[PDB]
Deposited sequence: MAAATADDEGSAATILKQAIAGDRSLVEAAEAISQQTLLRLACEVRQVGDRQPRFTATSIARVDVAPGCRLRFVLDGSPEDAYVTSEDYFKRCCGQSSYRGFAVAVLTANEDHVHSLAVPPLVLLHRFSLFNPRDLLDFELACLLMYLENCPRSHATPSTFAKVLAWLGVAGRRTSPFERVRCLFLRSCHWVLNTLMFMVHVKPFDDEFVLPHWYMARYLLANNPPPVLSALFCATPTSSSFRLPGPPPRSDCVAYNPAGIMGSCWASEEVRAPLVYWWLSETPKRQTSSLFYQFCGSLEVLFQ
């Protein structure tokens, strides 16, 4: 596989940093949801918590929560404090995928394999919380809110968040590119020119054309306690029982959970080499 990276770097005249970035850019997080559980009772997976997103004058995120009046915004900071103060709140569940695995109405990941793709995210600060909140919002965003104004505000905020983030902050970068994949695919699905067509999920690009109107079964066949928005344009993978049953089974398992903040192995230390 290193010989493949070398061949790709030379063939495209891309530095090794650029060649590695093209490979890592194929990964994203999907199925973002808040986990709530009272003791050992039945857990709840909610992806509908944020109904609307807006950007404050000082480029800070503000939200309209599910069930709240249309123009009753809460700062992302106040929502972060409220969640941290809830004893039932366990963080966000997310599934790690490669772009080729998202097949629009299904995931090309068998349910027993998907079990091993989930991780639990406990936001370390406000920016982490905002990124998880934004990913979840974008995946569940209905047609009514998928507008040029929303797209412009989201991109501007992602631009500011991106400038604050270094490529060595691997988890923040993962959430940031996941937002870019979901955002650009959402724009494409509502027949709006994406900001970056390289960030339209590849099977979604095909599905918009192939499933447009009364598709033949042969084309539809290529694509096929959990609260998600049924009108969410980017959330159609949630409909699959082969997606929801592994999420619940992953949660219920007594085996310790992988932490999203630990997805990227790191070592920093001294190396001493002794030889004759």
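Residues of the deposited sequence that lack C-alpha coordinates fall in the stretches 1-10, 235-252.
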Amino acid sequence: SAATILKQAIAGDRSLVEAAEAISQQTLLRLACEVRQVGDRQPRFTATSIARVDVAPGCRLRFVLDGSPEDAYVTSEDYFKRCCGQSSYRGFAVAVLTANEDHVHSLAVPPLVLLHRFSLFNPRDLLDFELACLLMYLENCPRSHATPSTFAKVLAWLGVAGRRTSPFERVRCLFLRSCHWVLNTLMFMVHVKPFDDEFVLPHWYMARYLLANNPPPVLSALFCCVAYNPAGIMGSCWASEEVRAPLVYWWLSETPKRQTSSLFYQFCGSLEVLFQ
From here on, numbers count along this sequence of modelled residues.
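For the pair 77-85 and 115-123, the mean Cα B-factor is higher in 77-85.
The mean C-alpha temperature factor is higher for 141-149 when 87-95 and 141-149 are set side by side. Highest CA B-factor among the listed residues (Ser166, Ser178, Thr185, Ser106): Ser166. You'll see in the entry that, of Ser236, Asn213, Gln26, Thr46, the Cα B factor peaks at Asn213. In the PDB entry, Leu65 places in the highest third of its chain by CA B-factor.
Among the modelled residues of its chain, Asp196 has a C-alpha B-factor that falls in the middle third, as given in the PDB entry. Sort the chain's modelled residues by C-alpha temperature factor and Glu130 lands in the middle third, per the entry. Residue-level temperature factors show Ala51 in the highest third of its chain, judged at the C-alpha atom. Sort the chain's modelled residues by C-alpha temperature factor and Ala156 lands in the highest third, per the entry.
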